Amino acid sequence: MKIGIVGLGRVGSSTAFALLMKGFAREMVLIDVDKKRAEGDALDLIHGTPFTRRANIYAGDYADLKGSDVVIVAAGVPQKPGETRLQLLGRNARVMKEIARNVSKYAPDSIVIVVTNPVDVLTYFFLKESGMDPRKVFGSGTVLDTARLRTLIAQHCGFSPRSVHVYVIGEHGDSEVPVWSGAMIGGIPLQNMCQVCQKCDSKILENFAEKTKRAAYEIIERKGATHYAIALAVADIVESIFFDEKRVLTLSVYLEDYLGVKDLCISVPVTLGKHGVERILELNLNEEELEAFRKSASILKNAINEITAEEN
């Protein structure tokens, strides 16, 4: 397939390298405002193709997205000194809208995966300005945090991550919700299995939830940014579209009305295939989860409203 990447920073370039090794792209267009950087990146990957699958990689402009099966948006600006988070978001939101008109124009039939943070806020702004199908434009969301929570549990208990079931939903941020009420290992409720398993107990499941929601912060304090993790997750998402797998992924999707939350992009279990999102799984949230989920949706709508209100 043909893949376009808009924004070749640490994440865009890592995503490109990963997609290259997976071998999903026949043609790969790299688009960044700093054309010189995008071109050197393209030549570097081209110089490594003798060890990967043949791919037509090149640094282009928006007109090249024509024919793109998937367009990945890893484009954004860095917080200026003094700069406020609302301002920062104001700038990034404007970046999203700009890229959107162009993707809408040259690649109207593509599937777009937004990756920049805040992912749920920026995906909503991109979708709105784009005017495309909500089943074909979405954000990576909590996909990575869900997989990470399943992995921590699995390796502590002596199981394959394949045997562990858990979903983290909501804002891909401080207010995400691990849905512990539907968690299992071997289909057996996470609580029986948790205290059969030795290196498991209540204090440890809480650490996990905490180790996963802090992962990015901890990487950033040490090296300024995360790019590898999200790169591998974007490859994994693309992998489901590529083979039309219909796997369930907690992607940030535009929901018309899900458990009382409305008109916003947020993460919930949906199935992904070659035509984009298909089924949205409505979860049976216990009381505390429903409340946390709802509060999450409100933190997002508020942010959406402050920005929509500070550009008018």
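Heads up: residue numbers just count along the shown sequence, starting at 1.
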Next item on the list: Going by the average Cα B-factor in the PDB entry, point out whether 300-308 or 8-16 comes out higher.
Entry: 300-308
Notebook entry, point to check: As stated in the PDB record, which stretch has the larger average Cα B-factor, 227-235 or 188-196?
Noted result: 188-196
Check: Which is it among 175, 151, 240, 84: the one with the largest CA B-factor in the entry?
Finding: 84
Next item on the list: Among 171, 218, 98, 145, single out the one with the highest C-alpha B factor in the record, please.
Entry: 98
Next item on the list: Report the third (lowest, middle or highest) to which the CA temperature factor of residue 43 belongs, ranking only the modelled residues of the same chain.
Entry: lowest
Margin query: How does the C-alpha B factor of residue 29 compare with the rest of the chain: lowest, middle or highest third?
Written below: middle
Next item on the list: Please rank the C-alpha B-factors of the chain's modelled residues and tell me whether residue 70 sits in the lowest, middle or highest third.
Entry: lowest
Notebook entry, point to check: Lowest, middle or highest third of the chain for the C-alpha temperature factor of residue 284?
Noted result: highest
Next item on the list: Among all modelled residues of this chain, ranked by Cα B factor, put residue 165 in the bottom, middle or top third, i.e. lowest, middle or highest.
Entry: lowest
